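For reference, the structure is listed below as structure tokens.
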Amino acid sequence: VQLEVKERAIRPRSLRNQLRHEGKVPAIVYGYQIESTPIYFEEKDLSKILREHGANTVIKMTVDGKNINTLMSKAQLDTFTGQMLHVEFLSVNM
Amino acid sequence: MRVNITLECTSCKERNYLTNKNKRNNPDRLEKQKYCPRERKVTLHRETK
Amino acid sequence: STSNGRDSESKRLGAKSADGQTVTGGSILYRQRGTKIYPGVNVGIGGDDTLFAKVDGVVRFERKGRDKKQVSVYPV
Amino acid sequence: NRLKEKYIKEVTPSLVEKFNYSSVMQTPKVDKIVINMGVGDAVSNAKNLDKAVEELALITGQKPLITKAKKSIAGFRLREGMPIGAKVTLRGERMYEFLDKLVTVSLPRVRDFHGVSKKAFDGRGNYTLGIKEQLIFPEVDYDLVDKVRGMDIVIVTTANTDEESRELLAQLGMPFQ
Amino acid sequence: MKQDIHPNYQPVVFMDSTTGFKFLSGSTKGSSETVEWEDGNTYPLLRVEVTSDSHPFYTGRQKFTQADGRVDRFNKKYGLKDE
Amino acid sequence: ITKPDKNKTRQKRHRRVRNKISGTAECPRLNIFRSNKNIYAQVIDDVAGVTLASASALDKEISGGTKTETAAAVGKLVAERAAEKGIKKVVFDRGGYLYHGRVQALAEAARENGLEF
Amino acid sequence: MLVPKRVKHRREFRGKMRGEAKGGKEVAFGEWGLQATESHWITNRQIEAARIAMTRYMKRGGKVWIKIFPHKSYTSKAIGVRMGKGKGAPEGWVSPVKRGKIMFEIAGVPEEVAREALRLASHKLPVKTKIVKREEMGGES
RNA sequence: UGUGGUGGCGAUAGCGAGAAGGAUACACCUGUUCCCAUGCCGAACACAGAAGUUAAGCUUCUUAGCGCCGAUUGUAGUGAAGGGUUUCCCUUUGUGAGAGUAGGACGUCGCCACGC
RNA sequence: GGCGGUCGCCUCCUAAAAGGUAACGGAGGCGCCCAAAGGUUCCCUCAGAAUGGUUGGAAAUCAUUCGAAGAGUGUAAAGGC
RNA sequence: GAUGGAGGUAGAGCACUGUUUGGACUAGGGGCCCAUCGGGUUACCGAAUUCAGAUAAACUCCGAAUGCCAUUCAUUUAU
Ligand SMILES: [Zn+2]
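Protein chains in written order, with the working numbering: chain A, 67 to 160; chain B, 167 to 215; chain C, 423 to 498; chain D, 2 to 178; chain E, 128 to 210; chain F, -14 to 102; chain G, 36 to 176.
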């Protein structure tokens, strides 16, 4: 609703190996409103709404302005740690 | 049952060609119109004997 | 006491002349076993499906839509 | 022949009524007739087609073909190339002549008759009429025919469903039950 | 229609003890008896005994035999004896 | 029962035939077309695909009926209009048919009147 | 020495494997499942003993699927045979399990039964196991 | 304009489901005497014509159920450089798929004849 | 070392996406056949399954429909068609 | 360094060959039918049939990094 959504890099080098040892999830969003831009996220932020609301409620992205009503499609997480990786989002309208 | 066989010119007497047949499928000497080199003209060729 | 260890020799297939090369008349191009690269402009196929060139010139490999590929020689 | 007359003079308007075709072209016709005399004994004795084909030539007006084996089966003792069956196709006016024979002389020579089975629909209407014997047709004699072979008549139409074909054949004989 | 490989055939008149249904053809021939205009100048040797009316089926089922009265057996043979 | 749409099979035989030679560089192609009633022809080239001369069974100028008459007439017209632009090495595209006169008479009419096969 | 599972082979001597890594294969049907977290083979028997030691401390059945099965074959020589001649006879079976995979899954009983059984089982396998439940979706179905 | 014929371009052109048509054109159909034909059969093929009809083919249109073409991301894997146990793992640096998916798409281009 | 097995040729894998590459490594064949199973010019499209139909059988010949290949290719296996 | 290409490897994927675990179902068979025609009953299951989920060296609808082959190409070097 007012979230931790920012920018990223195109094909960044092994900077990713450390992104999994220091608590980071490389996330994605491609859809209707705006075309396609890789976007931040970590594990503690969204579980708040998850526990409060559930598992499918309208998720909104922000630059502290208008929102991107993502409907996160698929995230088969990296096993053996029970934590999120490759959160493939999705965005539709009303 | 197969046999290497030599055709031969029926006119100039030259053993011009070589090939093979099955001596119990075709028990008769072959008759093919090959081409002789000694006279440069097609010629009835018959199996050797 | 095994019944294995029987082998044939190699036959050394594989393309023998890249693209952009200047090929003289007669040369081999891509030795096959059955059709894997259909022939094209000025390229002729032999007995054992090998692919030779008829005219001097340059080679280029391209594709026939979705089926297969081609070779051809565009002389200067 | 009389059928073609009766056909184009009665069948077409009646059927055009009972279904209301947008065009008379939409009519369900009769196309052909094939006949199937399976000896099934040449593999045992090839001296049976020698008369089967004859009796056929007498029933139809033309000498049949001779169907091959097409495969190999041991329980049957079938080798490819062996002949088992012999067929004829009927077209043109001979279609109508022979069907007239069937409806008018042939069929009512069969003992204990109720008619033809009401069920050969195929969901597309190519009705068949199996036969047990072959002593039926007057083209066949007592002391000349010495077996009880049969045929498999395969009539074809241009109908799509089976009721059209049924009530058509009704107009053209076919003494159902 | 090819040649020399097709047997005899002529538009032989069909007939019966009735109905003179003299129009069809066949492949059995012989002594000429009906060379007429209204039909083919042909033979009535076909004297089949079925008019397509003998078997009362195309003439519709008749009462040719009955073969109906089993009940009166007890009800008439000793049933005339009853009343 | 269905009936195989007859133009399709002739199309298929055509496509097999055409695979041998078009070669319509400067020895350009011939052609042929049947119908229930008429006959047409064009002299075509590749890669342009742009014809050079045409004719018509019953569309420009003829005498007789849908037969050799019409056929030979059309062939004469074709060969006459052809040599106008100077063509003497046509490659005859059988189409998808045989040689029995609606095509064969057209052929030999095209031959004598000044075209070389 | 009881045969839990086998196959119909089409091949006898298979080249020994090479196990590298894995991630995925989350819960499928049940509500509670294991998760091996190492890299090792697993013989036929080990799975059989695991299934027994799950059934017994369970009761009334309860849904239990064995979400892995031996495929690949085994071999061995005999002691007293110098190295050399062709491969030895085949005896046994094995299906390698990388970390992250999920071996067993159960549902139909409250957790206490579930964790009872799924800790009884994990003492028959040479893998450092773990425990996870059927978690969450966009639609649980 | 329409209709017929004839070519290229990766099925983004297809498959499927539904509607319209006949002036010309195409086709269905009317026939076998005639060149020609059936391992039997004018069904096929070939020939002779115009009684009858858009039912079908056939061309125009509608449709995202199916088939196809799909970006930007993430993740697997890897060259070079290193560090731990050396069965395997981990870190910088360069590259980065397959799956998933927004979306596109019920064609585009060229020629010849006919007449409206 | 012996006793066993093998010694020439062809096809697949091992083989690390050019070519080449060992093992008493893992799998199969060869020491011919064909006068048409060749040459050429015409024409045709399969295995099945469902549905019907005497002898007729679950499985012979027939007929209709669905079917991009699930067939066939003298011979072993790849690559093709 | 730039451009062009050949090929099925590491992935990963079930379209083909194998191997395979659950759900449904009926294809009707499974000892009787339950019986001296209403449904074959309990039960077995493969295909016809499907919904999920797995795996391969001699499985592939797909597929990199690298090397390899070339160029009237460019820059240093010297074979
Ligand atoms: Zn001589």
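Don't be surprised by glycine CBs; every beta carbon is placed ideally from N, CA and C.
Contact set between residue i and chain E, taken where Cβ atoms lie within less than 9 Å
| i | result |
| --- | --- |
| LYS102/D | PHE141, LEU151, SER152, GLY153 |
| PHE114/D | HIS182, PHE184 |
CA nearest to the CA of residue i, picked from the options
| i | options | result |
| --- | --- | --- |
| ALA38/F | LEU62/F, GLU93/F, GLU101/F, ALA58/F | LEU62/F |
| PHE99/D | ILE154/D, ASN161/D, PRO176/D | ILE154/D |
| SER159/E | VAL198/E, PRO138/E, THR145/E | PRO138/E |
| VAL132/G | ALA124/G, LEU37/G, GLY54/G, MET36/G | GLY54/G |
| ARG206/B | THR172/B, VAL169/B, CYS178/B, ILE171/B | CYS178/B |
| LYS71/D | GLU165/D, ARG80/D, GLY39/D, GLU11/D | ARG80/D |
| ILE(-14)/F | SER166/D, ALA160/D, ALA171/D, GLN172/D | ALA160/D |
| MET167/B | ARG190/B, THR185/B, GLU180/B | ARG190/B |
| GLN(-4)/F | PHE18/F, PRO13/F, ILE6/F, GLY8/F | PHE18/F |
For residue i, three-class secondary structure by DSSP
| i | result |
| --- | --- |
| residue 231/E | Examination of residue 231/E is not possible in this model, given that chain E is present from 128 through 210 alone. |
| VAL35/D | strand |
| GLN142/A | coil |
| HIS133/E | coil |
| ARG112/D | coil |
| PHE141/E | strand |
| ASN135/A | strand |
| residue 115/F | Outside the displayed span of chain F (-14 to 102) sits residue 115/F, for which this structure offers no information. |
| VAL88/F | coil |
| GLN27/F | strand |
| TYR97/D | helix |
| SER111/G | coil |
| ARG125/D | coil |
| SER7/F | coil |
| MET26/D | helix |
Limits of the beta strand (DSSP E) - the one that residue i falls within
| i | result |
| --- | --- |
| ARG(-2)/F | No beta strand (DSSP E) contains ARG(-2)/F, which is instead part of the alpha helix (DSSP H) from -9 to 3. |
| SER494/C | 491 to 496 |
| residue 220/B | Coverage of chain B is limited to positions 167 through 215, which leaves residue 220/B absent and any answer about it impossible. |
| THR172/B | 168 to 175 |
| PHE177/D | No beta strand (DSSP E) contains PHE177/D, which DSSP labels as neither H nor E. |
| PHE139/G | 139 to 142 |
Chain D contact residues for residue i, given Cβ-Cβ distances below 9 Å
| i | result |
| --- | --- |
| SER179/E | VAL104, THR105, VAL106, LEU108, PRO109, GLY174, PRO176 |
Residue i to residue j span [Cα, whole Å]
| i | j | result |
| --- | --- | --- |
| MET89/G | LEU69/G | 12 Å |
| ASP32/D | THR158/D | 5 Å |
| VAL477/C | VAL498/C | 11 Å |
| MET138/G | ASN79/G | 13 Å |
| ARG87/F | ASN46/D | 51 Å |
| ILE105/A | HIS87/A | 19 Å |
| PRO161/G | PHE155/A | 38 Å |
| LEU16/D | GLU168/D | 9 Å |
| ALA10/F | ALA33/F | 10 Å |
| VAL89/D | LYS119/D | 25 Å |
| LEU59/D | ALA56/F | 46 Å |
| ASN4/F | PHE77/F | 13 Å |
Interface partners of residue i on chain G, CB under 7 Å
| i | result |
| --- | --- |
| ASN122/A | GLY173 |
Beta-carbon neighbours of residue i, restricted to chain D and to distances below 7 Å
| i | result |
| --- | --- |
| residue 102/E | In the structure as shown, chain E begins at 128 and stops at 210. Residue 102/E is therefore absent and cannot be evaluated. |
Neighbour list for residue i in chain A, Cβ cutoff strictly below 8 Å
| i | result |
| --- | --- |
| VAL167/G | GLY148 |
| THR164/G | Chain A residues near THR164/G: none, gap ~11 Å exceeds 8 Å. |
Proximal chain G residues relative to residue i, where beta-carbon distance stays under 9 Å
| i | result |
| --- | --- |
| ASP144/A | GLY58, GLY59, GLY135 |
Where the alpha helix (DSSP H) containing residue i begins and where it ends
| i | result |
| --- | --- |
| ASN79/G | 79 to 90 |
| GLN172/D | 163 to 172 |
| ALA56/G | Counting along the chain, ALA56/G falls outside any alpha helix (DSSP H), and DSSP gives it neither H nor E. |
| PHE474/C | Careful: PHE474/C lies outside any alpha helix (DSSP H), inside the beta strand (DSSP E) at 473 to 475. |
Partners in chain D for residue i, counting only beta-carbon separations shorter than 8 Å
| i | result |
| --- | --- |
| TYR136/E | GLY62 |
| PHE148/E | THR105 |
Neighbouring residues, chain E, relative to residue i (Cβ below 8 Å)
| i | result |
| --- | --- |
| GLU18/D | In chain order: nothing, as chain E lies at least about 24 Å away. |
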